[PDB]
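A single chain, nothing else alongside it, follows as structure tokens in the form deposited in one PDB entry.
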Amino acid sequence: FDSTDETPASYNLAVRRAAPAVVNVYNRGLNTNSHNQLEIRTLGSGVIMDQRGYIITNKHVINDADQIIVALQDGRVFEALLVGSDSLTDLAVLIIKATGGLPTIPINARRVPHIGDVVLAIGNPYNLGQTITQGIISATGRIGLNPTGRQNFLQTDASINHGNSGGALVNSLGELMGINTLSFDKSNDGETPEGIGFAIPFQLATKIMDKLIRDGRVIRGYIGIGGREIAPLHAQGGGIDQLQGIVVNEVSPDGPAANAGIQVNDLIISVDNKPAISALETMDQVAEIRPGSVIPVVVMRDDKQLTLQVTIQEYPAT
């Protein structure tokens, strides 16, 4: 009978701290039919990353824009400069030149996201203004730039929507956990799954932002090798006293490893002075190495250690 003095369970604190940094992003076209001007071709969410005015949204919200417009919850509207984008992650960065003072996403670089943590997925879009949803972290993501990985997304059961994808995934304190990404069949804002949605983990989103600001695109390194891990894996003892490694299957012809030269069954033990313990770790490592770089790769060949010297190239198209 006395609700009066009680307090409803709520996540409005996360909302108050994070939402003013989450922006409407508009993709405007100039028509060809009757004379021209101001058509909205699509609409999406973006997140203000720093003072200075860099913003992340989805590449799919900005593709083929003639002009990119940004509107804040406080009423200010800006025209945006496209800094660059990346297909594999569906992220783009924009920049805005502003008037004394922007609201920014809270970010805690020391926070470790845990499976089971509560998250809110904050956008705007639909009926009017804002869709916000609640769920949990289902699976932590990896932070790699390797173009074949399938585990570089945090997964959540918070609904991720067209009113969702360009925006912020945050925990109950309003700290950024990831960038919302509409979730896996193709062409601006509605999908097939249900249950599970995806975001770019925030330390990956930050990495990719710094890459775009500095090169205009995500430059990924490449070694030109396919292969599987030798010694049977896991069970933390069972045991220690034999060296792991990557047996080589495939050597891209006229790839960096082929040049150099490296042959099918010869067993990679070390790459750029790190032990080659896992196929997956090692291809993420190679991906961050700048092209033009010369690195040592140690192999065992006929019971002998060879050190070859390899010059990294860029991962090549599609």
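So that there is no doubt, residue numbering starts at 1 and follows the sequence shown.
FYI, the form deposited with a partner chain bound isn't displayed, but the following is about it.
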- Contact with its partner chain in the entry with it bound, heavy atom within 4.5 Å, among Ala71, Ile213, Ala98, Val247 goes to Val247
- Each of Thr148, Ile225 and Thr282 near its partner chain in the entry with it bound, meaning some heavy atom within 4.5 Å? yes
- Task: Give a yes or no for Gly221: in the entry with it bound, does one of its heavy atoms lie within 4.5 Å of a heavy atom belonging to its partner chain?
- Result: yes
- Item | 4.5 angstroms heavy atom contact with its partner chain in the entry with it bound for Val286 | yes
- Query: Out of the stretches listed (61-69, 289-297, 247-255, 39-47), which one is close to its partner chain in the entry with it bound, meaning heavy atoms within 4.5 Å?
  - Reply: 247-255
